[PDB]
Amino acid sequence: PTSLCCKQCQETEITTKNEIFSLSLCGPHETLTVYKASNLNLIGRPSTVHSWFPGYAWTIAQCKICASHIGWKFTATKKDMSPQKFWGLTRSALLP
Ligand SMILES: O=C1CC[C@@H](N2C(=O)c3ccccc3C2=O)C(=O)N1
Ligand SMILES: [Zn+2]
């Protein structure tokens with residue numbers, strides 16, 4: 001009911017509406033950023049190439065059940081950043 005599940009298989013809860021926060025600046029969208037996620041397997045090592053959140057690297061994250069590409073784990077390159085990690089999830093890969 002606050003639950004966001006992999007659209008492809010509908011088995012797994014990936015995150016909840018409670019975990020949602022915003023990195024985007026409110027002064028002078030398609031990607032959902034959450035503090036915490038579940039049931040995702042990480043593929044490969046982190047990379048900073050073309051990172052959508054400067055200062056973070058990304059690791060591909062797919063549903064552990066059906067292997068659908070739901071988003072990425074973003075990890076901080078520097079110790080002084082917060083949060084040190086979060087998830088960027090493709091909204092259309094989630095239900096609702
Ligand atoms: O933060 C990110 C993570 C995902 C990442 N990405 C793509 O989705 C992608 C698709 C095809 C080639 C290269 C990339 C690429 O680096 C991207 O451009 N930025
Ligand atoms: Zn799935």
# chains A, B, ... in the order shown; residues from 1 in each chain; ligands from 1
>>> residues_near_ligand(ligand="ligand 2", cutoff="12 Å", atoms="only C-alpha atoms and all ligand atoms", output="PyMOL selection string")
chain A and resi 4-14+38-41+61-70+93-95
>>> residues_near_ligand(ligand="ligand 1", cutoff="6 Å", atoms="only C-alpha atoms and all ligand atoms", output="list in words")
residues 49, 50, 51, 52 and 58 of chain A
>>> atom_distance(atom1="CA of residue 34 in chain A", atom2="CA of residue 91 in chain A")
11.4 Å
>>> select_by_dssp(residues="chain A", states="strand (DSSP E or B)", output="PyMOL selection string")
chain A and resi 3-6+13-16+20+31-34+40-47+56-63+69-76+85-90+94-95
>>> select_by_dssp(residues="chain A", states="helix (DSSP H, G or I)", output="ChimeraX atom specification")
/A:17-19,91-93
>>> atom_distance(atom1="CA of residue 44 in chain A", atom2="CA of residue 17 in chain A")
27.5 Å
>>> residues_around(residues="residue 86 in chain A", least_positions_apart="3", cutoff="8 Å", atoms="only C-alpha atoms", output="count of residues only")
8
>>> residues_around(residues="residue 88 in chain A", least_positions_apart="3", cutoff="6 Å", atoms="only C-alpha atoms", output="PyMOL selection string")
chain A and resi 32-33+71-72
>>> decode(residues="range 72-96 of chain A", atoms="N, CA, C and O atoms", output="CSV table (one decimal), in the first residue's frame")
chain,number,residue,atom,x,y,z
A,72,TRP,N,19.7,1.5,-10.3
A,72,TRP,CA,21.1,1.5,-9.9
A,72,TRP,C,21.3,1.8,-8.4
A,72,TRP,O,20.5,2.6,-7.8
A,73,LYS,N,22.3,1.2,-7.9
A,73,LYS,CA,22.8,1.7,-6.6
A,73,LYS,C,23.8,2.8,-6.8
A,73,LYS,O,24.8,2.6,-7.5
A,74,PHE,N,23.6,4.0,-6.2
A,74,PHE,CA,24.6,5.1,-6.3
A,74,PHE,C,25.4,5.2,-5.0
A,74,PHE,O,24.8,5.1,-3.9
A,75,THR,N,26.7,5.2,-5.1
A,75,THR,CA,27.6,5.2,-4.0
A,75,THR,C,28.6,6.4,-4.1
A,75,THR,O,29.1,6.7,-5.1
A,76,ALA,N,28.7,7.1,-2.9
A,76,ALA,CA,29.5,8.3,-2.9
A,76,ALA,C,31.0,8.1,-3.1
A,76,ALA,O,31.6,7.1,-2.7
A,77,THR,N,31.6,9.0,-3.8
A,77,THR,CA,33.0,8.9,-4.1
A,77,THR,C,33.9,9.5,-3.0
A,77,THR,O,35.1,9.3,-2.9
A,78,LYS,N,33.2,10.4,-2.2
A,78,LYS,CA,33.9,11.1,-1.1
A,78,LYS,C,33.2,10.8,0.3
A,78,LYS,O,32.0,10.7,0.3
A,79,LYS,N,34.0,10.9,1.3
A,79,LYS,CA,33.5,10.6,2.7
A,79,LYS,C,32.5,11.6,3.2
A,79,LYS,O,31.8,11.4,4.2
A,80,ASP,N,32.6,12.9,2.7
A,80,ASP,CA,32.0,14.0,3.3
A,80,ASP,C,30.5,14.2,2.8
A,80,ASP,O,29.8,15.1,3.3
A,81,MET,N,30.2,13.4,1.8
A,81,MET,CA,28.8,13.5,1.2
A,81,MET,C,27.8,12.8,2.0
A,81,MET,O,28.0,11.7,2.7
A,82,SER,N,26.5,13.2,2.0
A,82,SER,CA,25.4,12.5,2.4
A,82,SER,C,24.3,12.5,1.3
A,82,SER,O,24.0,13.5,0.7
A,83,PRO,N,23.5,11.4,1.2
A,83,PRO,CA,23.9,10.1,1.9
A,83,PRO,C,25.1,9.5,1.2
A,83,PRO,O,25.4,9.8,0.0
A,84,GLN,N,25.7,8.5,1.9
A,84,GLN,CA,26.9,7.8,1.3
A,84,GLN,C,26.4,6.9,0.2
A,84,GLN,O,27.2,6.4,-0.6
A,85,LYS,N,25.1,6.5,0.2
A,85,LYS,CA,24.6,5.7,-0.8
A,85,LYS,C,23.1,5.9,-0.9
A,85,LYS,O,22.4,6.4,0.0
A,86,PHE,N,22.5,5.6,-2.1
A,86,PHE,CA,21.1,5.6,-2.3
A,86,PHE,C,20.7,4.8,-3.6
A,86,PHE,O,21.6,4.3,-4.2
A,87,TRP,N,19.4,4.7,-3.9
A,87,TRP,CA,19.0,4.0,-5.1
A,87,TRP,C,18.3,4.9,-6.0
A,87,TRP,O,17.3,5.6,-5.6
A,88,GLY,N,18.7,4.9,-7.3
A,88,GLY,CA,18.0,5.6,-8.3
A,88,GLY,C,17.2,4.6,-9.2
A,88,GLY,O,17.8,3.6,-9.7
A,89,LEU,N,15.9,4.6,-9.1
A,89,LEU,CA,15.0,3.6,-9.7
A,89,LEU,C,14.2,4.1,-10.8
A,89,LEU,O,13.6,5.2,-10.7
A,90,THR,N,14.2,3.4,-11.9
A,90,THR,CA,13.3,3.7,-13.1
A,90,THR,C,11.8,3.5,-12.7
A,90,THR,O,11.4,2.4,-12.3
A,91,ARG,N,11.1,4.6,-12.7
A,91,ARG,CA,9.7,4.6,-12.2
A,91,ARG,C,8.8,3.6,-13.0
A,91,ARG,O,7.9,3.0,-12.4
A,92,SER,N,9.1,3.5,-14.3
A,92,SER,CA,8.2,2.7,-15.2
A,92,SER,C,8.5,1.2,-15.0
A,92,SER,O,7.7,0.4,-15.4
A,93,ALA,N,9.6,0.9,-14.3
A,93,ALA,CA,9.9,-0.4,-13.9
A,93,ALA,C,9.3,-0.9,-12.6
A,93,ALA,O,9.6,-2.0,-12.1
A,94,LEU,N,8.5,0.0,-12.1
A,94,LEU,CA,7.9,-0.3,-10.8
A,94,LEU,C,6.4,-0.2,-10.8
A,94,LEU,O,5.8,0.6,-11.6
A,95,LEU,N,5.7,-0.9,-9.9
A,95,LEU,CA,4.3,-0.9,-9.7
A,95,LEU,C,3.9,-0.5,-8.3
A,95,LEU,O,4.4,-1.1,-7.4
A,96,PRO,N,3.0,0.5,-8.1
A,96,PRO,CA,2.4,1.3,-9.2
A,96,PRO,C,3.4,2.2,-9.9
A,96,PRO,O,2.9,3.2,-10.5
